[PDB]
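Student: Protein chains in written order, with our numbering: chain E, 2 to 101; chain W, 14 to 60; chain S, 14 to 60; chain X, 491 to 545; chain D, 71 to 179; chain A, 71 to 179.
First, the structure itself, so that you have it in front of you.
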Amino acid sequence: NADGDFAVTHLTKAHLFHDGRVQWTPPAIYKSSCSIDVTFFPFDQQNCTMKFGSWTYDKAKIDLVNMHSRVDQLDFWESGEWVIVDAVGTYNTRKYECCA
Amino acid sequence: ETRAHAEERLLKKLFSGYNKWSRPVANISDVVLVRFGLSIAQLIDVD
Amino acid sequence: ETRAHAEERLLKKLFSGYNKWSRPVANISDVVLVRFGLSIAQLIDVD
Amino acid sequence: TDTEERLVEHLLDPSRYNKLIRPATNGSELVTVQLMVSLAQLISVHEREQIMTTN
Amino acid sequence: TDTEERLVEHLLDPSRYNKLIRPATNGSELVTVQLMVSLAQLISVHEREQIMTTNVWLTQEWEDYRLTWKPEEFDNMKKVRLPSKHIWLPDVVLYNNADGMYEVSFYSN
Amino acid sequence: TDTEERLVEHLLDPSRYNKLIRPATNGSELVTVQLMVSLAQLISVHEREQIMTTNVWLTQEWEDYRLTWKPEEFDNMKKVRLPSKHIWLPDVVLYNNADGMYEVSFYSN
Ligand SMILES: *[C@@H]1O[C@H](CO)[C@@H](O)[C@H](O)[C@H]1NC(C)=O
Ligand SMILES: CC(=O)OCC[N+](C)(C)C
């Protein structure tokens, strides 16, 4: 995060099913930092990333699953300035000095 | 008989002994699998 | 005898059966006359 | 009025009116919502940032 | 400490204290509020729109006779912290403000 | 888990736990807070307005004797997650902030 919120703040309603499934799809505006390479500007290609994860639950308590590798663009409002070439999520694990 | 009344009964039962601060697993060794995905509405700005 | 005890009694009595969502008229046909006025503290900007 | 406050207390009584629940009847029937937009003012169009502001 | 919990629960007991009542005894006496502004920093002066921004502490002192206790009955405690939302306050604010922000920032203890 | 939620209800019960009171025993003893800053990113340095913007993780560690339990009574549970808005916190803030934002951004468990 960079100049924005860390977590979701809108808190829409969740959709609860009878077998215990919970579906929650809130909107969010994120301002994330990404290093910008302008070697070939204005013919440049930028590669900006977004890292999401649980803050206080480790892998033994909460684990993430890719709903689908590619970012969904069925409802995407075209910008007119940039075109998305590729948007894919990668699953990672790792240890921090904070926590065991 | 109306769907609203049945939903009211269901809401009364579901949250009777519910704790929103506790991880929702039957067994402590269980893990909560969260299916996570992104859907982009628009690309507001690349500063 | 102290003003504070009288004020506490008054507050208890005023809001015992008071409903803030209902137009406060004794009779339904009555109109609530609201005296309205403005006092300008400063003209911040004219854009 | 005493009658009006009695009615408003009766209608919104949380014991028998839950505002979280759709006012649905006849089981799988749906609630019909009529929408109509009235435009009071077109405050501005900002071409640079591509935003329209309306009241 | 447990004594501090007991004291806090005793002072704010609603059966003997509600914040909506001014703490005036002797009929028509007034509450004397002592004000002292301390300047943390002069953030900026914007001459174009004629606005001065400052960071300050708005020290306020008054006497509320309803918040008294005997120290020997509470392990000799001489002072305690109460949330300012739960006690009567003087609603002292800045009148010549621009941007329409009157009140203090945080409402500390 | 049923045991976990029983424990969490027990710990955060406002009847027995008051989050506005410092977890000090024996009267005038003090609470020690361990502080460690981890720098995740230097976002910018604005020379014109003289502001440095940083993304940091502020480690805080302390003891609260009121938030203890016996593991044997709670299915050998050793630790739990509690919402930071419902327990006593030491109000450690960035004192020399610009823009008057003293607190942290997220308030995690
Ligand atoms: C973009 O960056 C990510 C992470 O550094 C990398 O996995 C990916 O291959 C990059 N894509 C391109 C086209 O360079
Ligand atoms: C336990 C806790 O608060 O961890 C925060 C830091 N993180 C996300 C790197 C583990």
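Here a beta-carbon is modelled for each residue, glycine too, at the ideal position from N, C-alpha and C.
From what residue to what residue does the beta strand (DSSP E) around A:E131 run?
Tutor: Residue mapping note: residue 131 of chain A aligns to position 61 of the sixth sequence, counting from 1. Segment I121 to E131, the beta strand (DSSP E) holding A:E131.
Student: Check the Cβ of S:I57 against every Cβ in chain D and list those closer than 7 Å, keeping chain order.
Tutor: As a first step, residue 57 of chain S must be located in the third sequence, where it is residue number 44. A168, listed in chain order.
Student: Mind checking the region 511–525 of chain X against chain W and listing, in chain order, the residues whose C-beta falls within less than 9 Å of any C-beta there?
Tutor: Answer set for the region 511–525 of chain X: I511, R512, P513, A514, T515, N516, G517, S518 and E519.
Student: Return the Cβ separation of W:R36 and A:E74 in integer angstroms, given the expectation that the two are a contact with Cβ distance under 8 Å.
Tutor: Taking the first residue of the second sequence as position 1, residue 36 of chain W is located at position 23. Taking the first residue of the sixth sequence as position 1, residue 74 of chain A is located at position 4. That pair is a contact at about 7 Å.
Student: Hey, would you say the C-beta of E:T57 is under 7 Å away from at least one heavy atom of ligand 2?
Tutor: Taking the first sequence and counting its residues from 1, the one referred to as residue 57 of chain E is at position 56. Yes, since a heavy atom of ligand 2 falls inside the 7 Å radius drawn around the Cβ of E:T57.
Student: What does a CB cutoff of less than 6 Å around D:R151 pick up in its chain, not counting 5 residues either side in sequence?
Tutor: For the purposes of this step, residue 151 of chain D is taken as the residue at position 81 of the fifth sequence. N179.
Student: Can you find a CB in chain D that lies within less than 8 Å of the CB of S:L51?
Tutor: Residue numbering aside, residue 51 of chain S sits at position 38 when the third sequence is read from its first letter. Not an interface residue.
Student: Considering only the beta carbon of each residue, do D:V78 and D:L128 sit closer than 8 Å?
Tutor: Residue 78 of chain D sits at position 8 when you count from the first residue of the fifth sequence. Residue 128 of chain D sits at position 58 when you count from the first residue of the fifth sequence. Cβ atoms of D:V78 and D:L128: not closer than 8 Å.
Student: I want to verify the contact list: residues of chain E whose CB lies under 7 Å from the CB of A:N146, in sequence order.
Tutor: As a working note, residue 146 of chain A is residue 76 in the sixth sequence. None at all; the shortest Cβ gap to chain E is about 15 Å.
Student: At a CB-CB cut-off below 9 Å, which residues of chain E make contact with A:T129?
Tutor: Position 59 of the sixth sequence holds residue 129 of chain A. The answer, in chain order, is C99.
Student: Say the cut is 7 Å; is the CB of E:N48 nearer than that to a heavy atom of ligand 1?
Tutor: The count along the first sequence starts at 1 and reaches residue 48 of chain E at position 47. Yes, the beta carbon of E:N48 sits closer than 7 Å to at least one heavy atom of ligand 1.
Student: Indicate, with yes or no, if ligand 2 has a heavy atom lying under 7 Å from the CB of A:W127.
Tutor: Translated into the one-based positions of the sixth sequence, residue 127 of chain A becomes position 57. Yes, ligand 2 has a heavy atom inside 7 Å of this Cβ.
Student: Would the region 133–141 of chain A and the region 109–125 of chain A be scored as touching if the rule is three or more Cβ pairs under 8 Å?
Tutor: They do not touch, by the three-pair rule.
Student: Out of curiosity, what's the CA-to-CA distance linking E:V89 and E:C99?
Tutor: As a working note, residue 89 of chain E is residue 88 in the first sequence. As a working note, residue 99 of chain E is residue 98 in the first sequence. If I take the Cα positions, the gap works out to 28 Å.
Student: Rounded to the nearest angstrom, what separates E:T13 and S:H18 at their Cα positions?
Tutor: Here residue 13 of chain E refers to the residue found at position 12 when the first sequence is read from its first residue. Here residue 18 of chain S refers to the residue found at position 5 when the third sequence is read from its first residue. Looking at the two C-alpha atoms, the distance is approximately 46 Å.
Student: Are the C-beta atoms of W:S29 and some chain A residue less than 8 Å apart?
Tutor: As a position in the second sequence, residue 29 of chain W is number 16, starting the count at 1. No - not a single Cβ of chain A is within 8 Å of the one on W:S29.
Student: Please list the partners that A:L152 has in chain W, where partner means a Cβ-to-Cβ separation under 9 Å.
Tutor: Taking the sixth sequence and counting its residues from 1, one reaches residue 152 of chain A at position 82. Within chain W, the residues near A:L152 are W34.
Student: Establish whether the CB of W:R16 and some CB of chain X are separated by less than 8 Å.
Tutor: Stepping through the second sequence from its first residue, residue 16 of chain W is reached at position 3. Yes, W:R16 counts as interfacial toward chain X.
Student: Just to confirm, are S:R16 and D:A94 a CB contact at a threshold of 8 Å?
Tutor: Position 3 of the third sequence, counted from the start, is the residue given in the question as residue 16 of chain S. Position 24 of the fifth sequence, counted from the start, is the residue given in the question as residue 94 of chain D. Cβ atoms of S:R16 and D:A94: closer than 8 Å.
Student: Using CA coordinates, which residue listed in D:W132, D:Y172, D:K155 and D:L137 is at the minimum distance from D:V101?
Tutor: Position 31 of the fifth sequence, counted from the first residue, corresponds to residue 101 of chain D. The option with the nearest alpha carbon to D:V101 is D:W132.
Student: Is E:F53 helix, strand or coil by DSSP?
Tutor: Within the first sequence, residue 53 of chain E is the residue found at index 52, counting from 1. Coil.
Student: Is the CB of W:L24 under 8 Å away from at least one CB in chain X?
Tutor: Position 11 of the second sequence, counted from the first residue, corresponds to residue 24 of chain W. Yes, W:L24 lies at the interface with chain X (some Cβ there is under 8 Å from its Cβ).
Student: Is A:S178 a contact residue of ligand 2, with contact defined as CB to any heavy atom under 7 Å?
Tutor: Looking up residue 178 of chain A in the sixth sequence gives position 108. For ligand 2, at least one heavy atom lies less than 7 Å from the Cβ of A:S178.
Student: So, helix, strand or coil for D:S154, using DSSP?
Tutor: Here residue 154 of chain D refers to the residue found at position 84 when the fifth sequence is read from its first residue. Reduced to three states, the DSSP call for D:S154 is helix.
Student: So is the beta-carbon of E:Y92 under 7 Å away from any non-hydrogen atom of ligand 2?
Tutor: Mapped onto the first sequence, residue 92 of chain E falls at position 91. No.
Student: Looking at chain E, is there any beta carbon in it that lies within less than 8 Å of the beta carbon of W:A19?
Tutor: Mapped onto the second sequence, residue 19 of chain W falls at position 6. W:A19 does not count as touching chain E.
Student: What residue range is occupied by the uninterrupted alpha helix (DSSP H) comprising W:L24?
Tutor: Numbered from 1 along the second sequence, position 11 holds the residue referred to as residue 24 of chain W. Note, W:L24: alpha helix (DSSP H), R16 to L27.
Student: Of all the residues that make up the region 12–43 of chain E, which are near chain A by a beta-carbon distance shorter than 9 Å?
Tutor: Answer in chain order: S34.
Student: Straight-line CA distance for E:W83 to D:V107?
Tutor: Mapped onto the first sequence, residue 83 of chain E falls at position 82. Mapped onto the fifth sequence, residue 107 of chain D falls at position 37. Their backbone Cα atoms lie some 52 Å apart in a straight line.
Student: Can you say whether A:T71 is buried or exposed, counting buried as having 16 or more other CB atoms within 10 angstroms of its CB?
Tutor: On the sixth sequence, residue 71 of chain A is found 1 positions in, with the first residue counted as 1. With 16 or more Cβ atoms within 10 Å of its Cβ, A:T71 is classed as buried.
Student: Just to confirm before moving on: does the CB-CB distance between D:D145 and A:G170 stay below 8 Å?
Tutor: As a working note, residue 145 of chain D is residue 75 in the fifth sequence. As a working note, residue 170 of chain A is residue 100 in the sixth sequence. No.
Student: Please classify residue 15 of chain A: is it buried, with 16 or more other beta-carbons within 10 angstroms of its beta-carbon, or exposed?
Tutor: Chain A is shown from 71 up to 179; residue 15 of chain A falls before or after that span and cannot be answered.
Student: Under DSSP, the alpha helix (DSSP H) around W:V47 begins and ends at which residues?
Tutor: Here residue 47 of chain W is taken as the residue at index 34 of the second sequence, counted from 1. Unbroken run through W:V47 is the beta strand (DSSP E), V45 to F49; no alpha helix (DSSP H).
Student: List the residues that DSSP assigns as beta-bridge partners of E:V66.
Tutor: Residue numbering aside, residue 66 of chain E sits at position 65 when the first sequence is read from its first letter. According to DSSP, which records beta bridges pairwise, E:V66 is partnered with W:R48.
Student: W:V38 versus chain A: which residues are under 8 Å apart at the beta carbon?
Tutor: In the second sequence, residue 38 of chain W corresponds to position 25, counting from 1. The contacting residues are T71.
Student: For a contact defined as C-beta to C-beta under 9 Å, what are the partners of residue 185 of chain A on chain E?
Tutor: Look at the range of chain A in this structure, 71 to 179, and you will see that residue 185 of chain A is not part of it.
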